[PDB]
Amino acid sequence: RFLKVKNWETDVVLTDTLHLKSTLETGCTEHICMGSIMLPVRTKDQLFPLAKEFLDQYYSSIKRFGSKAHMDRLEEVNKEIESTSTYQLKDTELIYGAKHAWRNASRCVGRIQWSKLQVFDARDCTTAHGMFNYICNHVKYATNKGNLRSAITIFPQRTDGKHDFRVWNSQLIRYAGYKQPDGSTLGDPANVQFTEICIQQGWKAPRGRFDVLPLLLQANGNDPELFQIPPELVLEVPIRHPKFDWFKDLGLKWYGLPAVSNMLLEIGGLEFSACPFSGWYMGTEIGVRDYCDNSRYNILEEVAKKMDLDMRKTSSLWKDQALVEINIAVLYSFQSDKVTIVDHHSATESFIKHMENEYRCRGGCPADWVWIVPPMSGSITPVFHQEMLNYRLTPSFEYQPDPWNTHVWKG
Amino acid sequence: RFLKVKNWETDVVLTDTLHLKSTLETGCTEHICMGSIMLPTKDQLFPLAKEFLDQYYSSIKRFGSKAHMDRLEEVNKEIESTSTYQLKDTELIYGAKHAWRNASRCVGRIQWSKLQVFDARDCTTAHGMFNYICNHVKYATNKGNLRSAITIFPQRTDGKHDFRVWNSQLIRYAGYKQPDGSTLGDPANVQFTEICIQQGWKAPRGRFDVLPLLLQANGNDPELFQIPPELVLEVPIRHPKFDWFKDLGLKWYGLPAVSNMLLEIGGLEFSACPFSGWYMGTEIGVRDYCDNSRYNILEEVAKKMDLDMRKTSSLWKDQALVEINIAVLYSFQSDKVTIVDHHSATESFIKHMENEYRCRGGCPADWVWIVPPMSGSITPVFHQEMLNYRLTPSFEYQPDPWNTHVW
Ligand code: HEM
Ligand code: HEM
Ligand SMILES: CNCc1cccc(-c2cc(F)cc(CCc3cc(C)cc(N)n3)c2)c1
Ligand SMILES: CNCc1cccc(-c2cc(F)cc(CCc3cc(C)cc(N)n3)c2)c1
Ligand SMILES: C[C@H](O)[C@H](O)[C@H]1CNc2nc(N)[nH]c(=O)c2N1
Ligand SMILES: C[C@H](O)[C@H](O)[C@H]1CNc2nc(N)[nH]c(=O)c2N1
Ligand SMILES: [Zn+2]
């Protein structure tokens with residue numbers, strides 16, 4: 001079967017065959033679409049077919065499908081599974097798997113970059129201190145003094161689910177949030193729960209509005225341990241506006257390195273529960289979501305007051321006016337400090353080229369419109385007008401429950 | 001199977017049971033989501049009629065009543081006999097209001113029960129259709145105090161006698177391809193502007209020429225009619241800050257009146273059912289004015305604003321986009337023509353959703369269409385999980401008539 005998608009701005013039509021290789025389920029049925037739903041201990045039984053399919057993919061990509069190297073690897077993995085109940089990926093396979101998990105990430109607009117991913121193998125790590133060392137090296141490498149480089153660090157895979165490696169931080173670099181007795185929040189409201197865990201674990205909170213959270217690292221299923229990222233490794237950008245001199249006095253900054261650390265990396269049926277990865281920011285992630293979500297720093301009103309817009313009627317679009325200026329400031333500040341950032345116009349245009357290229361060389365590109373379209377100025381970006389097909393391919397990044405909800409404490 | 005939708009800004013969780021009553025298919029499967037795809041006999045009829053009559057009599061709290069069973073029998077008699085049936089006026093009004101209520105792509109559904117339904121099922125000619133449409137337009141426009149309305153022409157019989165309005169909207173601006181190479185007026189209507197000229201129309205070849213109506217009654221060739229200009233309420237677009245905005249020469253019409261959809265009630269098909277409400281500001285300012293395939297004024301506006309258009313990262317497009325949409329709202333509000341901004345309309349829809357979940361068990365909703373085309377995440381609908389499913393009565397798409405008309 002074949003499936004067509006149309007760009008309604010350009011009339012370019014693309015044909016998807018790649019969805020045929022999709023096995024995992026979407027959440028939708030013939031009778032309900034769950035496309036806007038945020039989120040809709042594995043035995044040898046199901047593992048060898050997952051390994052075989054991955055190794056077929058791997059050896060096909062290197063033009064060795066059916067070779068003796070391919071057949072020998074299949075044999076070797078089979079015997080390792082039935083004898084040890086799991087198996088170890090070769091370095092080349094791990095790198096391939098991590099790159100393709102990114103390539104397959106249908107919610108990621110930044111995938112044109114997928115093949116230039118730096119993969120750090122941390123599968124020999126055994127302790128939380130070792131994890132901290134690997135993560136520091138990741139941050140330093142990825143940050144590269146502002147010339148950001150994509151990277152992923154891969155800690156040992158799950159064994160029986162009782163010895164998991166986990167990074168308890170949702171991102172490697174994030175600001176604390178503190179609930180005050182008067183009901184207000186200081187810092188990032190998204191991080192109040194995690195901040196409280198850190199404090200309970202012994203973290204001495206500075207209780208400011210932009211406190212970089214400590215790392216909370218769990219090795220081999222043991223209780224997690226606290227570590228402070230060396231401050232010289234945390235590149236931050238003070239936010240100023242190119243026309244509004246009062247904007248700096250808002251006291252805003254952000255960190256340069258977006259580094260997601262709570263997802264699970266699935267490769268050939270193996271589960272890597274700690275696999276922090278990093279790229280560089282699209283400006284709206286900070287300017288629209290981090291700063292202007294009502295549930296986050298929520299600076300629209302203070303910015304709009306300082307711009308002296310008509311704030312009495314929403315049809316003045318004072319929120320839309322302030323939002324644009326804030327996002328101009330974020331982009332101006334990062335570029336002025338020579339920290340890598342991409343605006344949503346450039347990013348979505350690159351994604352369309354990537355997607356067309358993927359349809360030609362690969363037969364498709366799974367894409368989640370709900371997430372790909374940026375959270376401001378949607379229809380003046382080319383992705384808004386692009387039909388997209390969403391389906392799940394493996395290798396993949398998956399969500400996993402927050403570890404404090406599942407962890408068995410040792411004491 | 002009893003599904004939950006979460007609002008991630010407010011943590012409000014609603015439980016949807018209405019989707020289990022859904023019948024038609026979404027285009028999605030368990031292996032592939034098509035949420036962003038724009039367009040995915042005697043025996044079939046009686047279950048359709050039964051399903052509809054059942055919900056009608058339930059809604060008036062007469063389920064399982066004498067009148068319910070009688071009407072079920074009478075329609076059953078009529079289908080066995082005539083191979084179709086006719087709706088009572090009460091059922092027709094109910095069916096049209098619920099077609100709107102069920103329109104999962106419509107953000108303006110909080111108004112669904114205040115729809116004025118005009119029964120035009122006695123219409124037989126295109127001149128009669130024109131007359132009904134003029135009355136609709138005058139009633140709906142209401143000197144700028146817009147009122148929702150639908151006019152329902154006779155239902156399909158054998159598909160040879162269809163009533164169709166060939167316009168996609170009752171009021172739209174013409175589109176002309178220049179010898180110079182580009183497009184004058186609305187590029188989206190270049191083909192329809194051709195079919196009007198290629199049928200008799202005499203075009204002013206301006207930038208904002210109201211298109212004539214092309215009306216097809218009973219399957220005959222469609223006929224041209226000019227809507228009386230005094231019935232077409234237009235708003236000149238000015239900005240409450242930039243005096244040069246007026247010189248751009250922009251205007252738009254006040255009445256959004258979709259005329260090319262098909263209304264399905266109880267299995268009966270109404271191929272000509274123009275309906276109208278009032279605009280959300282972004283439909284004009286974001287889509288009509290700033291789409292690259294439409295009037296595409298962003299460059300000229302940014303030029304007049306003297307923004308740095310060298311690099312995309314100056315967000316000059318975004319800045320211009322905001323000012324254009326401030327002016328649209330300002331112009332309509334100043335001329336006392338009903339319009340709603342995207343902030344108000346999406347707040348209304350969240351309120352509508354909670355109402356529908358409370359009193360009905362759910363609300364089918366298409367996030368890809370509901371979230372406005374600018375400033376998405378500062379509107380509450382962006383953070384609202386939505387379930388999309390197809391209920392009937394419904395409005396459906398249908399092929400353009402010129403691709404079907406046995407001429
Ligand atoms: C290189 C520059 C990159 C850019 C500009 C970028 C951009 C984005 C953005 C804006 C999102 C939306 C998520 C949100 O709004 O919270 C996203 C999602 C995602 N990205 Fe990328 N990304 C980049 C690199 C990467 C890398 C290196 C990886 C993995 C190796 C990755 C994997 C993903 C995944 C798995 C998601 C799904 C998010 C989720 O489901 O919550 N991205 N990306
Ligand atoms: C009264 C104020 C109304 C507002 C503010 C409103 C708003 C909207 C908007 C913004 C859209 C998106 C369509 C697009 O972007 O092209 C839409 C779609 C739609 N509206 Fe409403 N509308 C209103 C009244 C009505 C009425 C009276 C009906 C029918 C009786 C209706 C039926 C629909 C349908 C069927 C769609 C989706 C059609 C499609 O798939 O393109 N609307 N509406
Ligand atoms: C509602 N989000 C909850 C949630 C939970 C767990 C993970 C994520 C998440 C996952 C991602 F891969 C990406 C994001 C955006 C942050 C981000 C990451 C990267 C690598 C580049 C970029 N430019 N930006 C967020 C989000
Ligand atoms: C990409 N659209 C293609 C297409 C084709 C056929 C019909 C439509 C369409 C259908 C609708 F019910 C509504 C619209 C927006 C116009 C509109 C209509 C009404 C009643 C109120 C409003 N405020 N606005 C457009 C759209
Ligand atoms: C309800 C909805 O699915 C949710 O708000 C999504 C919408 N699209 C998004 N898109 C991106 N990139 N990031 C997000 O967090 C979200 N949130
Ligand atoms: C491809 C995509 O489905 C298409 O551009 C849609 C996106 N969402 C939309 N939403 C609304 N309200 N109106 C539209 O025309 C569209 N177009
Ligand atoms: Zn779907």
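For ligands, and for the atoms within them, numbers begin at 1 and follow the listed sequence. Just so you know, these numbers use all the heavy atoms, side chains as well, and skip hydrogens, waters and symmetry mates. Just so we're on the same page: letters track the sequence lines, and every chain starts at 1.
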* What is the nearest protein non-hydrogen atom to atom 8 (N) of ligand 5, stated with its residue, atom name and distance? -> A:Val370 O, 3.1 Å

* Minimum-distance pair of heavy atoms, taken over all atoms of A:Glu387 and B:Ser36 -> CG-O, 3.5 Å

* **Atoms of ligand 5, numbered as shown, that sit under 4.0 Å from any heavy atom of B:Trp367** => 1 (C), 2 (C), 7 (C)

* **Which of the ligand 5 atoms, numbered from 1, are nearer than 4.0 Å to a heavy atom of A:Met38** => 4 (C)

* How far is atom 29 (C) of ligand 2 from its nearest protein heavy atom, and which residue and atom name does that atom have? -> B:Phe275 CD1, 3.2 Å

* Are any of the side-chain heavy atoms of B:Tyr389 and B:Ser104 separated by less than 4.5 Å? -> no

* Asked: Which pair of heavy atoms, one from A:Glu9 and one from B:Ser293, lies closest together, and at what distance?
  -> O-CB, 4.3 Å

* Asked: At what distance is the nearest protein heavy atom to atom 5 (C) of ligand 2, and which residue and atom is it?
  -> B:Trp278 O, 3.3 Å

* Protein contact to atom 16 (O) of ligand 2 [nearest heavy atom, distance to 0.1 Å] -> B:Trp369 CZ3, 3.9 Å

* Any donor-acceptor pair under 3.5 Å linking the side chain of A:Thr314 with the backbone of B:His343? -> no

* What is the closest protein heavy atom to atom 38 (C) of ligand 2, and at what distance does it sit? -> B:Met261 SD, 3.9 Å

* Please check if atom CD in A:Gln113 has more than 12 non-hydrogen atoms from other residues, nucleotides or ligands closer than 6.0 Å. => yes

* Asked: Distance-only, no hydrogens or angles: does the A:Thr381 side chain make a donor-acceptor pair with backbone N or O of A:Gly378 under 3.5 Å?
  -> yes

* Got a donor-acceptor contact below 3.5 angstrom from the A:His354 side chain to the A:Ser350 backbone? -> no

* To do: For ring-ring contact (aromatic ring centres under 6.0 Å, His included), just list the numbers for B:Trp252 and B:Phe332, CA-CA rounded to whole Å, side-chain angles, deciding distance to a tenth of an Å, and then say yes or no.
  => CA-CA 9 Å; B:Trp252 207 252; B:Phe332 273 61; 9.3 Å; no

* Asked: Can A:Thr153 and A:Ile135 be said to form a side-chain contact (heavy atoms from CB on, under 4.5 Å), step by step?
  -> CA-CA 7 Å; A:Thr153 295; A:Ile135 291 167; 5.7 Å; no

* Considering the heavy atoms of B:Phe395, write down every atom of ligand 2 situated less than 4.0 Å from one of them. => 29 (C), 30 (C), 35 (C)

* Structure fact -> For A:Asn104 and A:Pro366, the nearest pair of non-hydrogen atoms, with its separation, is O-CG, 4.2 Å

* So, B:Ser276 side chain and B:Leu255 main chain: donor-acceptor pair closer than 3.5 Å or not? -> no

* Look at atom 10 (N) of ligand 5 and say which protein heavy atom is nearest, naming residue and atom and giving the distance to 0.1 Å. => A:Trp371 CA, 3.4 Å

* **Proximity of B:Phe382 and B:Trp367 rings by center, below 6.0 Å** => yes

* Counting only N and O atoms by type, is there a donor-acceptor contact under 3.5 Å from the side chain of A:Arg296 to the main-chain atoms of A:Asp293? -> no

* With atoms numbered from 1 as shown, which atoms in ligand 5 lie under 4.0 angstrom from a non-hydrogen atom of B:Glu385? -> 1 (C)

Run through all N or O atoms in ligand 3 and write down each protein N or O closer than 3.5 Å, as a pair with its distance.
| residue | atom | partner | partner atom | Å |
| --- | --- | --- | --- | --- |
| ligand 3 | 23 (N) | A:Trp280 | O | 2.8 |
| ligand 3 | 23 (N) | A:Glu285 | OE2 | 2.5 |
| ligand 3 | 24 (N) | A:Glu285 | OE1 | 2.6 |
| ligand 3 | 24 (N) | A:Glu285 | OE2 | 3.2 |

* To do: Could you tell me whether the side chain of B:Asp341 and the main chain of B:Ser344 form a donor-acceptor pair under 3.5 Å?
  => yes

* With heavy atoms of B:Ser276 as the reference, note each atom of ligand 2 found under 4.0 Å away. => 27 (C)

* **Residue, atom name and distance, where the atom is the protein heavy atom closest to atom 15 (O) of ligand 5** => A:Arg289 NH1, 3.2 Å

* Check: A:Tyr175 and A:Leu213 side chains under 4.5 Å, non-hydrogen atoms -> no

* Asked: In terms of atom number and element, which parts of ligand 2 are under 4.0 angstrom from non-hydrogen atoms of B:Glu283?
  -> 10 (C)

* To do: Specify the protein heavy atom at minimum distance from atom 17 (N) of ligand 5: its residue, its atom name, and the distance to 0.1 Å.
  => B:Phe382 CE2, 3.9 Å

* Is there any N or O on A:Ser36 that sits under 3.5 Å from an N or O of ligand 5? -> yes

* Hey, which atoms in ligand 2 end up nearer than 4.0 Å to a heavy atom of B:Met280? -> 10 (C)

* To do: Take atom NZ of B:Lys97 as the centre, draw a 6.0 Å sphere, and report whether it contains more than 12 heavy atoms from other residues, nucleotides or ligands.
  => yes

* Structure fact -> The protein heavy atom nearest to atom 41 (O) of ligand 2 is B:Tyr397 OH, 2.8 Å

* Of all the heavy-atom pairs spanning B:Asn388 and B:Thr26, show the shortest one and how long it is. => O-CG2, 3.9 Å

* Distance only, no hydrogens: is a donor on one side chain within 3.5 Å (strictly under) of an acceptor on the other, for A:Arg174 and A:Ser170? -> yes

* Asked: Can you count the protein N, O or S atoms that lie less than 2.8 Å from atom 21 (Fe) of ligand 2?
  -> 1

* To do: Work out whether the distance between some heavy atom of B:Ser148 and some atom of ligand 2 is less than 4.0 Å.
  => yes

